[PDB]
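Below: one structure, written as structure tokens.
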Amino acid sequence: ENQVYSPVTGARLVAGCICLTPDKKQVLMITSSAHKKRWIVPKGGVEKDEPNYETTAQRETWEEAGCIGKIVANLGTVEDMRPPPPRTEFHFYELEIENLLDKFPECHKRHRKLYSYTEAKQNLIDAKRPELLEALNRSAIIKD
Ligand SMILES: Nc1ncnc2c1ncn2[C@@H]1O[C@H](COP(=O)(O)OP(=O)(O)NP(=O)(O)O)[C@@H](O)[C@H]1O
Ligand SMILES: Nc1ncnc2c1ncn2[C@@H]1O[C@H](COP(=O)(O)OP(=O)(O)NP(=O)(O)O)[C@@H](O)[C@H]1O
Ligand SMILES: Nc1ncnc2c1ncn2[C@@H]1O[C@H](COP(=O)(O)OP(=O)(O)NP(=O)(O)O)[C@@H](O)[C@H]1O
Ligand SMILES: [Cl-]
Ligand SMILES: [Mg+2]
Ligand SMILES: [Mg+2]
């Protein structure tokens with residue numbers, strides 16, 4: 001396909017965004033396409049031509065969440081551990097939300113909502129995605 005893999009581990013290379021309000025009190029979440037009651041964050045597979053992970057992250061944040069903003073931090077990598085090597089290596093960025101658009105590519109396939117840190121953390125546990133929670137915890141979100 002168009003997907004890129006680690007030459008070392010064969011992990012699927014993915015990038016996405018922890019999208020925060022300017023006041024850093026809320027994070028943007030979306031429902032999963034697979035599990036429609038589970039709330040996650042925007043991310044997706046790096047494609048063959050893309051020159052950096054920021055490109056992939058901002059493309060997926062537009063496609064999946066209708067969100068435009070400014071990358072303000074590199075949150076490093078997290079690895080997903082497919083239980084009984086990693087098959088996913090995620091590259092996360094912190095984005096400062098500049099606009100949320102009513103219409104975007106996946107707007108009929110997903111719901112979208114801003115959550116406080118407490119609500120977001122319970123969502124990601126509920127979704128069984130501790131690696132996305134790892135990325136959220138590295139962001140400048142207010143954890144009060
Ligand atoms: N914990 C996980 N770690 C890594 N990959 C996962 C995990 N859970 C599911 N996946 C796979 O990652 C891909 C996307 O799953 P998910 O993160 O739920 O996003 P999505 O909103 O469903 N997008 P998509 O299904 O690709 O259109 C699928 O191939 C899943 O099987
Ligand atoms: N492709 C994947 N790579 C890595 N981790 C994954 C992948 N698919 C699922 N996981 C994770 O592995 C765990 C088990 O996932 P899964 O078997 O899909 O459970 P489920 O969708 O919650 N179904 P169930 O618990 O039986 O009702 C979860 O923590 C997932 O996030
Ligand atoms: N990009 C990253 N990749 C991996 N681990 C990280 C990363 N950023 C931070 N950490 C670690 O994760 C934990 C939380 O990180 P951070 O967001 O810097 O806040 P903190 O640890 O509470 N504060 P401080 O120890 O003063 O830097 C710490 O153990 C960090 O060393
Ligand atoms: Cl993904
Ligand atoms: Mg994609
Ligand atoms: Mg995907």
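As shown in the structure tokens, the chain order sets the letters A, B, ...; within each chain, residues go from 1, and ligands are also counted from 1 in the order they appear.
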Could you give me, as a list in words, every polymer residue with an atom at most 6 Å away from an atom of ligand 4, counting only C-alpha atoms and all ligand atoms?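 Checked against 6 Å with only C-alpha atoms and all ligand atoms; the hits are residues 14, 43, 44 and 45 of chain A.
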Could you pull out the strand (DSSP E or B) residues of range 33-67 of chain A from DSSP and send them as JSON, numbers by chain? {"A": [39, 40, 43, 44, 45, 47, 67]}
Provide the CA of residue 87 in chain A to atom 18 (O, counted along the ligand's line) of ligand 3 distance in Å, to one decimal place. 25.6 Å
So which residues are near ligand 3, meaning at most 7 Å away with only C-alpha atoms and all ligand atoms counted, given back as a PDB file with N, CA, C and O atoms, in the first residue's frame?
```pdb
ATOM      1  N   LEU A  75       6.214  15.821  21.067  1.00  0.00           N
ATOM      2  CA  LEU A  75       5.947  14.933  22.236  1.00  0.00           C
ATOM      3  C   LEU A  75       6.647  13.583  22.073  1.00  0.00           C
ATOM      4  O   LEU A  75       6.322  12.669  22.857  1.00  0.00           O
ATOM      5  N   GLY A  76       7.563  13.423  21.113  1.00  0.00           N
ATOM      6  CA  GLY A  76       8.359  12.200  20.961  1.00  0.00           C
ATOM      7  C   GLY A  76       7.533  11.040  20.469  1.00  0.00           C
ATOM      8  O   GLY A  76       6.507  11.263  19.790  1.00  0.00           O
ATOM      9  N   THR A  77       7.942   9.825  20.827  1.00  0.00           N
ATOM     10  CA  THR A  77       7.362   8.595  20.266  1.00  0.00           C
ATOM     11  C   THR A  77       6.760   7.776  21.396  1.00  0.00           C
ATOM     12  O   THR A  77       7.266   7.885  22.515  1.00  0.00           O
ATOM     13  N   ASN A 137      -0.233  12.944  28.426  1.00  0.00           N
ATOM     14  CA  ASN A 137       0.482  13.316  29.666  1.00  0.00           C
ATOM     15  C   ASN A 137       1.750  14.132  29.388  1.00  0.00           C
ATOM     16  O   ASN A 137       2.147  14.916  30.255  1.00  0.00           O
ATOM     17  N   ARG A 138       2.347  13.982  28.208  1.00  0.00           N
ATOM     18  CA  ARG A 138       3.570  14.739  27.821  1.00  0.00           C
ATOM     19  C   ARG A 138       3.219  16.166  27.387  1.00  0.00           C
ATOM     20  O   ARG A 138       4.126  17.014  27.397  1.00  0.00           O
ATOM     21  N   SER A 139       1.966  16.395  27.003  1.00  0.00           N
ATOM     22  CA  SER A 139       1.483  17.732  26.553  1.00  0.00           C
ATOM     23  C   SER A 139       1.410  18.703  27.732  1.00  0.00           C
ATOM     24  O   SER A 139       1.499  18.264  28.914  1.00  0.00           O
TER      25      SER A 139
END
```
Quick one: everything within 12 Å of residue 127 in chain A, counting only C-alpha atoms, minus sequence neighbours fewer than 6 positions away in the same chain. Send it as a PyMOL selection string. chain A and resi 29-32+34-41+120-121+133
Given the selection you just returned, output its residues as a file containing N, CA and C atoms, formatted as a PDB file, in the first residue's frame.
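Once everything was written out, this is again-v1.pdb:
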```pdb
ATOM      1  N   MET A  29     -10.974  15.465  21.250  1.00  0.00           N
ATOM      2  CA  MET A  29     -11.033  14.006  20.988  1.00  0.00           C
ATOM      3  C   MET A  29     -12.064  13.701  19.893  1.00  0.00           C
ATOM      4  N   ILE A  30     -11.925  12.555  19.244  1.00  0.00           N
ATOM      5  CA  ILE A  30     -12.842  12.004  18.205  1.00  0.00           C
ATOM      6  C   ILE A  30     -13.243  10.575  18.578  1.00  0.00           C
ATOM      7  N   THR A  31     -14.415  10.138  18.124  1.00  0.00           N
ATOM      8  CA  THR A  31     -14.789   8.716  18.254  1.00  0.00           C
ATOM      9  C   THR A  31     -14.002   7.892  17.240  1.00  0.00           C
ATOM     10  N   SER A  32     -13.599   6.686  17.632  1.00  0.00           N
ATOM     11  CA  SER A  32     -12.965   5.647  16.789  1.00  0.00           C
ATOM     12  C   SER A  32     -13.959   5.203  15.706  1.00  0.00           C
ATOM     13  N   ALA A  34     -13.795   2.130  14.196  1.00  0.00           N
ATOM     14  CA  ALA A  34     -13.958   0.706  14.574  1.00  0.00           C
ATOM     15  C   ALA A  34     -14.939   0.576  15.749  1.00  0.00           C
ATOM     16  N   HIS A  35     -14.724   1.348  16.822  1.00  0.00           N
ATOM     17  CA  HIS A  35     -15.492   1.309  18.098  1.00  0.00           C
ATOM     18  C   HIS A  35     -16.091   2.691  18.380  1.00  0.00           C
ATOM     19  N   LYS A  36     -17.337   2.918  17.966  1.00  0.00           N
ATOM     20  CA  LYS A  36     -17.956   4.268  17.834  1.00  0.00           C
ATOM     21  C   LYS A  36     -18.302   4.895  19.191  1.00  0.00           C
ATOM     22  N   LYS A  37     -18.217   4.152  20.300  1.00  0.00           N
ATOM     23  CA  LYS A  37     -18.489   4.704  21.655  1.00  0.00           C
ATOM     24  C   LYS A  37     -17.164   5.041  22.357  1.00  0.00           C
ATOM     25  N   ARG A  38     -16.028   4.758  21.709  1.00  0.00           N
ATOM     26  CA  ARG A  38     -14.659   4.958  22.271  1.00  0.00           C
ATOM     27  C   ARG A  38     -14.044   6.247  21.702  1.00  0.00           C
ATOM     28  N   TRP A  39     -13.512   7.102  22.587  1.00  0.00           N
ATOM     29  CA  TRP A  39     -12.942   8.443  22.276  1.00  0.00           C
ATOM     30  C   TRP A  39     -11.421   8.353  22.253  1.00  0.00           C
ATOM     31  N   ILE A  40     -10.826   8.764  21.145  1.00  0.00           N
ATOM     32  CA  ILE A  40      -9.357   8.722  20.938  1.00  0.00           C
ATOM     33  C   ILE A  40      -8.952  10.119  20.444  1.00  0.00           C
ATOM     34  N   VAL A  41      -7.727  10.227  19.949  1.00  0.00           N
ATOM     35  CA  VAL A  41      -7.196  11.490  19.379  1.00  0.00           C
ATOM     36  C   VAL A  41      -6.855  11.264  17.917  1.00  0.00           C
ATOM     37  N   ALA A 120     -10.667  13.327  29.602  1.00  0.00           N
ATOM     38  CA  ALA A 120      -9.883  12.772  28.474  1.00  0.00           C
ATOM     39  C   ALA A 120      -9.154  11.500  28.922  1.00  0.00           C
ATOM     40  N   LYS A 121      -8.544  11.536  30.107  1.00  0.00           N
ATOM     41  CA  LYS A 121      -7.791  10.401  30.686  1.00  0.00           C
ATOM     42  C   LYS A 121      -8.734   9.206  30.898  1.00  0.00           C
ATOM     43  N   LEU A 133      -2.663   7.907  26.024  1.00  0.00           N
ATOM     44  CA  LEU A 133      -2.648   8.622  27.313  1.00  0.00           C
ATOM     45  C   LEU A 133      -1.211   9.092  27.653  1.00  0.00           C
TER      46      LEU A 133
END
```
Excluding same-chain residues fewer than 3 positions from range 46-63 of chain A, what lies within 8 Å of it counting only C-alpha atoms, as a list in words? residues 2, 3, 4, 13, 14, 15, 16, 17, 42, 43, 66, 67, 68, 71, 91, 92, 93, 104, 105 and 106 of chain A
For the selection you just gave me, I'd like the residues written to a file as a CSV table (one decimal), in the first residue's frame, keeping N, CA and C atoms.
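This went into selection17.csv:
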```
chain,number,residue,atom,x,y,z
A,2,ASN,N,0.4,2.4,0.6
A,2,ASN,CA,1.1,3.7,0.7
A,2,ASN,C,1.8,3.8,2.0
A,3,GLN,N,1.6,2.8,2.9
A,3,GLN,CA,2.1,2.9,4.4
A,3,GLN,C,3.6,2.7,4.5
A,4,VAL,N,4.2,3.4,5.5
A,4,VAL,CA,5.7,3.3,5.8
A,4,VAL,C,5.9,2.6,7.1
A,13,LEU,N,4.5,3.1,10.9
A,13,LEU,CA,4.8,4.5,11.4
A,13,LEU,C,3.6,5.3,11.3
A,14,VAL,N,3.2,5.9,12.4
A,14,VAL,CA,1.9,6.7,12.6
A,14,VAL,C,2.3,8.1,13.2
A,15,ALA,N,1.6,9.1,12.8
A,15,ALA,CA,1.8,10.5,13.5
A,15,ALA,C,0.4,11.1,13.8
A,16,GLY,N,0.4,11.9,14.8
A,16,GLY,CA,-0.9,12.6,15.2
A,16,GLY,C,-0.6,13.7,16.1
A,17,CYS,N,-1.7,14.3,16.6
A,17,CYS,CA,-1.7,15.5,17.4
A,17,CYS,C,-2.5,15.4,18.7
A,42,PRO,N,-6.7,12.3,17.1
A,42,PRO,CA,-6.4,12.2,15.7
A,42,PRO,C,-4.9,11.7,15.5
A,43,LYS,N,-4.8,10.7,14.7
A,43,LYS,CA,-3.5,10.1,14.2
A,43,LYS,C,-3.7,9.2,13.1
A,66,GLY,N,-11.3,18.0,11.6
A,66,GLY,CA,-11.7,19.3,11.1
A,66,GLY,C,-10.9,20.4,11.9
A,67,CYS,N,-9.7,20.1,12.3
A,67,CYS,CA,-8.9,21.0,13.2
A,67,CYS,C,-7.7,21.5,12.5
A,68,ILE,N,-7.6,22.8,12.5
A,68,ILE,CA,-6.4,23.6,12.0
A,68,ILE,C,-5.7,24.2,13.2
A,71,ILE,N,1.7,23.7,15.3
A,71,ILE,CA,2.5,22.7,16.1
A,71,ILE,C,3.4,23.5,17.1
A,91,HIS,N,4.4,8.9,16.4
A,91,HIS,CA,5.1,10.3,16.5
A,91,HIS,C,4.0,11.3,16.8
A,92,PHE,N,4.0,11.9,18.1
A,92,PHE,CA,3.0,12.9,18.5
A,92,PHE,C,3.6,14.3,18.6
A,93,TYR,N,2.7,15.2,18.2
A,93,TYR,CA,3.0,16.7,18.3
A,93,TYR,C,1.8,17.3,19.1
A,104,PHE,N,-15.6,18.6,7.5
A,104,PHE,CA,-14.3,18.1,7.2
A,104,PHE,C,-14.5,16.6,6.7
A,105,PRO,N,-13.4,16.0,6.1
A,105,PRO,CA,-13.6,14.7,5.4
A,105,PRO,C,-14.3,13.6,6.2
A,106,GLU,N,-14.1,13.4,7.5
A,106,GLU,CA,-14.7,12.3,8.2
A,106,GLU,C,-15.8,12.8,9.1
```
Enumerate as a list in words all residues of range 3-133 of chain A assigned to helix (DSSP H, G or I) by DSSP on the backbone, naming them with the chain letters and numbers the document uses. residues 53, 54, 55, 56, 57, 58, 59, 60, 61, 62, 63, 64, 65, 117, 118, 119, 120, 121, 122, 123, 124, 125, 126, 130, 131, 132 and 133 of chain A
Generate the output file for the selected residues, C-alpha atoms, as a tab-separated table (two decimals), in the first residue's frame.
```tsv
chain	number	residue	atom	x	y	z
A	53	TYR	CA	5.97	13.51	10.73
A	54	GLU	CA	4.47	17.05	11.23
A	55	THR	CA	2.96	16.74	7.67
A	56	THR	CA	1.26	13.40	8.53
A	57	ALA	CA	0.05	14.71	11.96
A	58	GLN	CA	-1.56	17.90	10.54
A	59	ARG	CA	-3.08	16.00	7.55
A	60	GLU	CA	-4.73	13.43	9.90
A	61	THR	CA	-5.90	16.21	12.37
A	62	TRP	CA	-7.66	17.89	9.37
A	63	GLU	CA	-9.12	14.63	7.89
A	64	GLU	CA	-10.32	13.08	11.18
A	65	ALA	CA	-11.20	16.18	13.33
A	117	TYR	CA	-7.74	16.38	31.29
A	118	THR	CA	-9.77	14.29	33.84
A	119	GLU	CA	-12.47	13.37	31.25
A	120	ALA	CA	-9.88	12.77	28.47
A	121	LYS	CA	-7.79	10.40	30.69
A	122	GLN	CA	-10.93	8.33	31.58
A	123	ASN	CA	-11.85	8.25	27.84
A	124	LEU	CA	-8.41	6.81	26.86
A	125	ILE	CA	-8.55	4.13	29.68
A	126	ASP	CA	-12.13	3.25	28.52
A	130	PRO	CA	-2.61	3.75	27.37
A	131	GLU	CA	-0.01	4.81	24.72
A	132	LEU	CA	-2.31	7.71	23.60
A	133	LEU	CA	-2.65	8.62	27.31
```
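The coordinates place CA of residue 114 in chain A at 5.4 Å from CA of residue 27 in chain A.
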In terms of the shortest atom-to-atom distance over only C-alpha atoms, which of A:11, A:18, A:28, A:78 is closest to residue 94 in chain A?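 Selected residue with least distance to residue 94 in chain A: A:18.
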Give me, as a Markdown table, the closest atom pair and its distance (Å, one decimal) for every residue of chain A within a cut-off of 7 Å of ligand 2, counting only C-alpha atoms and all ligand atoms, rows sorted by chain and rising number.
```
| residue | atom | partner | partner_atom_place_in_ligand_line | distance |
| --- | --- | --- | --- | --- |
| A:80 | CA | ligand 2 | 4 (C) | 4.9 |
| A:81 | CA | ligand 2 | 4 (C) | 5.0 |
| A:82 | CA | ligand 2 | 4 (C) | 3.5 |
| A:83 | CA | ligand 2 | 12 (O) | 6.1 |
| A:87 | CA | ligand 2 | 3 (N) | 5.9 |
| A:88 | CA | ligand 2 | 3 (N) | 6.4 |
| A:127 | CA | ligand 2 | 31 (O) | 7.0 |
| A:128 | CA | ligand 2 | 29 (O) | 4.3 |
| A:129 | CA | ligand 2 | 31 (O) | 5.1 |
```
Convert the current residue selection to file output with N, CA, C and O atoms, as a short mmCIF file (atom, residue, chain, number, x, y, z; two decimals), in the first residue's frame.
```
data_model
loop_
_atom_site.label_atom_id
_atom_site.label_comp_id
_atom_site.auth_asym_id
_atom_site.auth_seq_id
_atom_site.Cartn_x
_atom_site.Cartn_y
_atom_site.Cartn_z
N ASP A 80 3.05 0.91 20.52
CA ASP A 80 1.94 -0.01 20.87
C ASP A 80 2.42 -1.45 20.85
O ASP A 80 3.15 -1.84 19.90
N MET A 81 1.95 -2.22 21.83
CA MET A 81 2.47 -3.55 22.22
C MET A 81 1.39 -4.62 21.98
O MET A 81 0.73 -5.00 22.97
N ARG A 82 1.24 -5.09 20.73
CA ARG A 82 0.17 -6.04 20.30
C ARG A 82 0.32 -7.35 21.08
O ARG A 82 1.17 -8.17 20.75
N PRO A 83 -0.50 -7.59 22.14
CA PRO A 83 -0.25 -8.69 23.07
C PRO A 83 -0.60 -10.07 22.52
O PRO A 83 -1.23 -10.17 21.47
N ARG A 87 4.08 -3.33 16.67
CA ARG A 87 3.64 -3.17 15.27
C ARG A 87 3.26 -1.71 15.03
O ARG A 87 2.99 -1.43 13.87
N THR A 88 3.25 -0.83 16.04
CA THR A 88 3.03 0.62 15.77
C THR A 88 4.01 1.50 16.54
O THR A 88 4.16 1.32 17.75
N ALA A 127 -11.06 3.39 26.30
CA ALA A 127 -10.69 3.00 24.92
C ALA A 127 -9.55 1.97 24.89
O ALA A 127 -9.28 1.44 23.81
N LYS A 128 -8.94 1.66 26.04
CA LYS A 128 -7.81 0.71 26.16
C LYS A 128 -6.62 1.20 25.32
O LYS A 128 -6.00 0.39 24.61
N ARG A 129 -6.31 2.49 25.40
CA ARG A 129 -5.21 3.11 24.61
C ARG A 129 -4.24 3.81 25.55
O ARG A 129 -4.10 5.03 25.56
#
```
Given the choices A:72, A:1, A:112, A:7, which gets closest to ligand 5 if the distance is worked out from only C-alpha atoms and all ligand atoms? A:1
Let me make sure I understand: among A:69, A:19, A:33, A:24, which one has the smallest atom-to-atom distance to residue 108 in chain A if we use only C-alpha atoms? A:33
